Amino acid sequence: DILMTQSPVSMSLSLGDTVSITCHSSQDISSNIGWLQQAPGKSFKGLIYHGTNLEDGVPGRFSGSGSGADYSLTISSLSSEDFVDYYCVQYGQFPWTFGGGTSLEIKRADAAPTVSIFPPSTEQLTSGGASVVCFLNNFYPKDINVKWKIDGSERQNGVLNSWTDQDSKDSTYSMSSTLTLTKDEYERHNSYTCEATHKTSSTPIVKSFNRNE
Amino acid sequence: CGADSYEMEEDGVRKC
Amino acid sequence: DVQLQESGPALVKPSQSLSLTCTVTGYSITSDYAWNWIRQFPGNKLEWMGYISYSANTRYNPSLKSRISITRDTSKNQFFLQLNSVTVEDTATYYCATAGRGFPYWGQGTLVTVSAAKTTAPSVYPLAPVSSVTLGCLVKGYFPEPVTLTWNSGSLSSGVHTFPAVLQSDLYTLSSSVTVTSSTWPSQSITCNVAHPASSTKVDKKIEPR
């Protein structure tokens with residue numbers, strides 16, 4: 001099969017910047033390549049076919065170049081809507097194959113997370129389990145860490161973490177962290193603490209609650 | 001399609 | 001406009017068959033083009049499965065040849081994917097697409113999980129605190145994906161973050177936060193609306209102060 005090697009895997013850029021995404025094929029494909037655009041969590045739009053031809057209603061800032069085994073998608077003067085995912089596809093040989101994708105993210109000023117902590121609901125407690133939830137919302141840049149303490153003691157296991165794609169309105173990220181214990185273990189301890197570590201401060205943002213309160 | 005090629009159609013798919 | 005929409009099961013057991021329908025509107029599948037199935041794996045890698053052409057010729061990825069069939073119904077303007085003997089390796093988001101000059105038309109995609117795990121209805125828990133106030137909903141203990149979650153029946157969409165679901169021990173957890181200006185809630189109610197189609201579940205959880 002033809003291997004499509006697509007670069008870079010991700011890029012962080014500013015509005016008005018120019019970027020090239022490249023695809024290399026493991027065999028000559030004679031310009032039988034398309035470029036696809038994907039909003040994360042959604043589906044695809046055809047941008048270019050036969051290496052260089054714009055689809056209907058694709059702006060002149062998108063261009064394609066290349067021949068043989070090496071091709072590039074260039075976006076000159078990036079706009080806000082352009083910071084999404086891109087994939088190349090070869091249809092020169094069966095089976096048709098895809099590049100591994102490129103994620104484009106927009107640069108933005110630093111923002112500290114807004115941290116919120118939540119005790120288990122009485123409803124959950126009837127089931128014999130207890131979850132403590134922490135949201136770290138609307139931060140930039142993407143790199144963050146979360147840490148749980150139970151009566152002061154770090155707890156790694158039994159936690160589930162999830163994060164969002166870059167926000168389409170303020171270009172931030174968000175994270176949810178859920179610590180789950182048995183009701184018995186939950187009722188053996190007093191304080192529950194979420195700590196967010198982020199470049200925006202040398203000290204953690206700490207949110208806590210006490211059961212005795 | 002490159003100067004060595006022309007666009008053809010196979011199964012409804014255009015290809016160089 | 002040409003429009004494509006996938007439909008089919010969200011869950012298939014290992015060794016059973018995965019079968020999807022693509023319904024096409026605004027263009028006839030007998031007029032031109034090839035009518036494809038593509039899937040995107042967890043991790044975002046894309047694979048071409050095969051196509052049926054406007055003239056009914058099929059072409060398949062060799063990796064799937066023993067297990068795949070693509071068919072159509074010209075009276076309904078629909079084409080179909082059948083994938084047999086599935087394994088957990090077949091868990092992916094499935095797309096139908098048109099190939100003509102590149103790939104101009106795509107369905108929305110549909111998640112199919114392959115697993116022997118039991119369909120389980122979610123528990124929906126309120127998240128209420130012990131300038132602005134944050135509330136949330138915790139949807140725990142369900143299988144398979146997807147769930148849909150809204151606040152105030154879709155009327156409250158700004159300041160909402162709904163996080164990707166996490167699988168642990170064959171059950172999912174999903175959470176959503178919503179941030180509003182202080183002293184709105186609780187006089188103005190905040191309710192999370194949760195649907196889990198696979199267990200025919202629908203729950204509205206009104207967030208009460210603690």
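None of the figures in this text is laboratory data; all of them are computed from the coordinates on show. Positions of Cβ are generated from backbone atoms using ideal geometry, with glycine treated the same way; all protein chains shown enter the neighbour counts.
Its alpha carbons considered, segment C:117-209 gives a radius of gyration followed by a Dmax of 13.4, 45 Å. A Cβ-based charge dipole, computed about the Cα centre of the protein assembly as shown with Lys and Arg at +1 and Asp and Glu at -1, lands at about 1000 debye.
About the Cα centre of segment A:108-211, how large is the charge dipole given +1 on each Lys and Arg Cβ and -1 on each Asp and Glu Cβ? Please answer in debye to the nearest 20.
Details: 11 positive and 12 negative charges, 29 e Å.
In debye, rounded to 20, segment A:108-211 gives about 140.
Test of understanding: ordering B:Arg14, C:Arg67 by Cβ neighbours within 10 Å, fewest first, what list do you get? Before the final figure, lay out the partial values.
Numbers: B:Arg14 19, C:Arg67 16.
Lowest to highest Cβ neighbour count: C:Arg67, B:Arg14.
Calculated mean residue ellipticity at 222 nm for chain A: -500 deg cm²/dmol, from DSSP H runs with n ≥ 4 weighted as -39500 (n - 2.57), summed, divided by the residue count and rounded to 500.
Could you compute Rg(Cα) / (2.2 N^0.38 Å) for segment A:1-107, with N its residue count?
Details: Rg = 12.9 Å, N = 107, 2.2 N^0.38 = 13.0 Å.
In units of the 2.2 N^0.38 Å rule of thumb, it is 1.00.
Rg then Dmax, both in Å and based on the Cα atoms of segment A:108-211: 14.5, 45.
Residues A:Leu3, C:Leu156 in ascending order of nearby Cβ atoms (within 10 Å, fewest first): A:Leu3, C:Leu156. Residues within the reach of a label modelled at C:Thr25 (point 7 angstrom out along Cα to beta-carbon, backbone nitrogen below 16 Å), restricted to segment C:59-103, are C:76-79.
With the Cα gyration tensor of chain C giving a ≥ b ≥ c as the square roots of its eigenvalues, does the rule (a/c under 1.5 for rounded; else a/b larger than b/c for prolate; else oblate) give rounded, prolate or oblate? Write down the numbers at each step before the final one.
Numbers: a/c = 3.02, a/b = 1.97, b/c = 1.54.
Judged from the Cα gyration tensor, chain C comes out prolate (a/c at least 1.5, a/b above b/c).
In percent, what relative contact order does segment C:1-116 have, based on Cα pairs under 8 Å that are 6 or more apart in sequence? Please list the in-between numbers first.
On the way: 284 pairs, mean separation 42.2, N = 116.
For segment C:1-116, the relative contact order is 36 percent.
Per the Kirkwood definition applied to all pairs of different Cα atoms, how many angstroms is the hydrodynamic radius of the protein assembly as shown?
Working: mean 1/r = 0.0416 Å⁻¹.
This gives a value of 24.1 Å.
What shape does segment A:63-124 take by its C-alpha gyration tensor, where a ≥ b ≥ c are the square roots of the eigenvalues and a/c under 1.5 counts as rounded, a/b above b/c as prolate, and the rest as oblate? Oblate shape, in that a/c is at least 1.5 and b/c is the bigger or equal ratio. Look at the dipole of chain C built from charges on Cβ: of C:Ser183, C:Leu127, C:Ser169, the Cα furthest out on the positive end belongs to C:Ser169. Only the Cβ atoms of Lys and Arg (+1) and of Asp and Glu (-1) were treated as charged; on that basis the dipole of segment A:1-107 about its Cα centre amounts to roughly 120 debye. Using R0 = 22 Å, the C-beta based FRET efficiency linking C:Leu167 and C:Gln16 works out to 0.65.
With both labels modelled 7 Å from their Cα along Cα-to-Cβ, the A:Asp70 to A:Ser26 distance reads 2.0 nm.
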